[PDB]
Each structure stands twice: as C-alpha cells, then as structure tokens.
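Subsequent text provides structure tokens for two forms of one protein chain, presented individually as structure 1 and structure 2.
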Structure 1
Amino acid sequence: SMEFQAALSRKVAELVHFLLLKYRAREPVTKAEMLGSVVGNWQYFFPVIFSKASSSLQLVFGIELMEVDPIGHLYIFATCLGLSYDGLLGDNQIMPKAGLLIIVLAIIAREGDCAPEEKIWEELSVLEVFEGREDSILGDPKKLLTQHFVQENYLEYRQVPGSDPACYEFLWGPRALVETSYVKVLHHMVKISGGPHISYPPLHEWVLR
C-alpha cells in the first residue's frame, strides 16, 4: 500500500512535470502523448494518474487542462480565471504562481474589503509548498511571494488607517479587479475544493434520556 502508493504518486508527479513542460511551450497535448510518458506498466492506471495530475494542475499551480477534442483526446491549457499572470520567467524551472495568487485573493474576498496581513501569513503557513523554510536569510518566502503579487498590481498593501503602532493589510489591486471578480474567485474556491464541510458533530442534539 505505502510502497505502491509511493510509486503511483511518483508517476503522478512525472505526469505533472510533463504537462508543465507542455504548458511552458504553449503546445497542445494528447492522451497518446501522455501514455508516451507514463512508461510501461502504469498504462493500466492512466485514469487515476491523469485524474490526479489534472487536479494538481488546478489546485497547486492554477492551471486548467481543457479537452478540446473528445474523440482524439486533445488538451490545451488555460490559466485559472483567465489571469494574464502565471509567475514564470522564461524557461527557468520555477513553479507557476497563479494558484497561490488566487488563494490570497480568496482570503481577502472572504474577509471583505481587506484582510490583516497576519491572517494572510497564518493561512499561508499551513501550505506544504513552503516546506519549513520560513527562516530563510533572504526573507520568509510566503511574504516575498505576496510581494510578487503586490508588485504586479494584483494586490495592494497598506497601513491600516489610524493604527498606532502601524498595522498593515492587503486588498485587491486594480489588476485583480479588472481581470476577475469576487464572485468568480469565491466560486472557483468552492468548485476546486469540493463543497466544504467541518460540520459540528452531534453536540447540537439532546439525547433526552
């Protein structure tokens, strides 16, 4: 189970890397090409592998794999919510950033007009992508990442008006307001997570015994 699941997950990660390379080249991709990457044995597991990889693309990277030919199984890529930014730099092997941008936008939209930076830090600190490197000499990578988002005008960062000592908050920047909307971001979050839960357990009913 644990070994077999490790090997299966390795195949998933290989397909994710292959699809990311296709995305960088702005090349379409077929099921047949993907089976030309799922080497040997694991052909039988293509439905699950594919289904995981696609999911990863949406959730981690903010990239949507879209079937344009159901018969030939031809796929193209789009950035989630149509954003004009994916955080890439030429052909350098760095991670697309649109998923994390959308997560931050969603936290802000959940809170209202703005969100204290502490809420952003708390929410981002639970994501495994930061792999315990908060203590980097250069600076906490999640905060430098939000700096990326502020410099691209998707976010605005400002002092909370009238705070002493100074406190700071994030709002949607002009580019975020032009390219998307509160309803589209919140809908995307509800869609790609599945309907949420955390329902309270039966501590709301009385046994009347």
Structure 2
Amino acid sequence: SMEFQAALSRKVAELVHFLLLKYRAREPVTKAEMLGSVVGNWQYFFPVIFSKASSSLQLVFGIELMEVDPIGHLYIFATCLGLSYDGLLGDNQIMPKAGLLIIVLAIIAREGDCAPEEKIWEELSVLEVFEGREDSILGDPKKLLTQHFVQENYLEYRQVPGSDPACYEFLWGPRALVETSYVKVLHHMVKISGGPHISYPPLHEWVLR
C-alpha cells in the first residue's frame, strides 16, 4: 500500500511532466492523449492521477489547465491569475516560477501592506523545492529567487522606515497591482487548496458532562 501509493505518486509525476512539455510547446492536449501517456493497468486510476496532476500544476507551477472543448476534451494552458510571467528561459529545463511568485504575493497579502523579509524566509524555507541548499556559495536559492520577482517588478524591497540597524521588508510591486489583487490571490490559494479545511472541534471541547 505504501509501496502502492508511492508507485501511484510516480505516475502522477510522469503525467505532470508530460503536461509540462505540452505547456512549454504551447500545444493543446486532449484527455485521450493524457490517458494514452499512462501505461497499462494504471489507466484504471487516471481520474485521481489527472486531478492530482492538475492540482500540482496549479499549486507548484502556477499553471492552469483549462478545457476549451467539453466534447472532444481538448485542454489548453494558462498562467494562474493571468500573470504575464512564468520565469522560463528558452527551452532550458528550469522550473516554471509563477506558482512560487503567487505564494510570495500571498504571504505578503496575509500580513497586510508589507511583510518583514524574515517572514518570507520563514515561510519559504518550508517548501521542499529548495531541497536544503541554503548554504550555496552563490547565495541562498530562495533569496535569489525573490530577486527575480523584484526585478520583474512583481515585488518591491525596501528598508523598514526608521529601522536601526537596517531591517527590510517586501511589498507588492507595480506589476502585481496591475495584473491581480489581494482578494484574487488569497481566493486563489483557497481554491487550489481544495476549499477551506474546517477542523470542527470534538464534542467534549464544547459540551459539558
């Protein structure tokens, strides 16, 4: 079962990267093509493989998979929230970055008008994408990543006013305010997490014996 779940997980990863190649090539893709990429008895599990792969694209890569033909089941791709950026570079196999960008925007959005950089590092250091390589000579990968977002004008970075010694904070840049909004981003994070997950308290926490 644990061995089965892992094997199932592997089939998800394969569909994700099948779809990523289509995304890069800007090729529309049918459900029949996706099902065709899944081999053998695993086709029986295509519904969960598809929905898991589809969720991965949104959450991890910031990529939306949209059906434009409900009869022939033809899908196209779009960047989440309609952003004009995915952080790619030619055909180099580097990771699409819009999902990570949206996560940073969201962290800031929950904190108000701006967030101390320490909160950003704290929240980002949890993501397994950085695979514990913060001791890189070139510099902490997660910090160099946020520099992309600043230089693309999705983020601004400044000294906290009146701070001594200097502290620094992130805020939304002009490009983020144009292409989306606070509400849209926080709504998006809810949507792609599978709605709100309400842990209802047990009876003995609100009923007296």
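Residues that one form lacks are left out of the comparison. Residue 1 is the first residue of structure 1, and the numbers go on in sequence order from there. Note that the rigid core is defined as the largest set of C-alphas that superpose within 1.5 Å between two forms.
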| item | value |
| --- | --- |
| Distance the CA of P196 travels between structure 1 and structure 2 [rigid core superposed, Å] | 4.0 |
| Angstrom shift of the Cα atom of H187 between structure 1 and structure 2 (superposition on rigid core) | 0.7 |
| Core-aligned CA shift between structure 1 and structure 2 for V39 (Å) | 1.9 |
| Runs in sequence order between structure 1 and structure 2, three or more residues long, with CA shifts of 2 Å or more on the rigid core | 194-209 |
